[PDB]
């Protein structure tokens, strides 16, 4: 089947699936297509919020079904980068984000070009190829920017 997914402000994308699929698989399929983290997504059918555990069958959702999508104001995990002045900015993340993505996010809010960022998390200079989870970075962790 091919269900529909749209937001309260335009953008109806389309998504090839099969009914045995869980909601978590759907939320992930939206991440690949839309670049939106799963835990930031909240999905709606028939007026109800669908849960990761239950499948598409369980929710009686068939082809051309339109799924309503509201974005959260936050995902689950966030960290802080202490800027050279001490100004601490807050960031939204997953334990899967590569340090490059983290810089990109800092470039977005701060305007510091990534080639000019250096990130330390309680000693240990962090590199573009690794993930926050590689460095065992938790929610509420604070990084320092040089």
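Numbering follows the first chain given and starts at 1.
Which has the higher mean CA temperature factor in the PDB entry, 93 to 101 or 44 to 52? Mean B over CA atoms: larger for 44 to 52.
Could you check which stretch, 25 to 33 or 82 to 90, carries the larger mean CA temperature factor in the entry? Taking the mean C-alpha B-factor of 25 to 33 and of 82 to 90, the larger value falls to 25 to 33.
Rank-wise, by C-alpha B-factor, drop residue 64 into the lowest, middle or highest third of its chain. Highest third of the chain for residue 64's C-alpha B-factor.
Check where residue 116 lands among this chain's C-alpha B-factors and tell me if it's the lowest, middle or highest third. According to the entry, residue 116 has a C-alpha B-factor in the chain's middle third.
How does residue 133 rank on Cα B-factor within its chain, lowest, middle or highest third? Its C-alpha B-factor, which the entry lists for residue 133, ranks in the middle third among residues of this chain.
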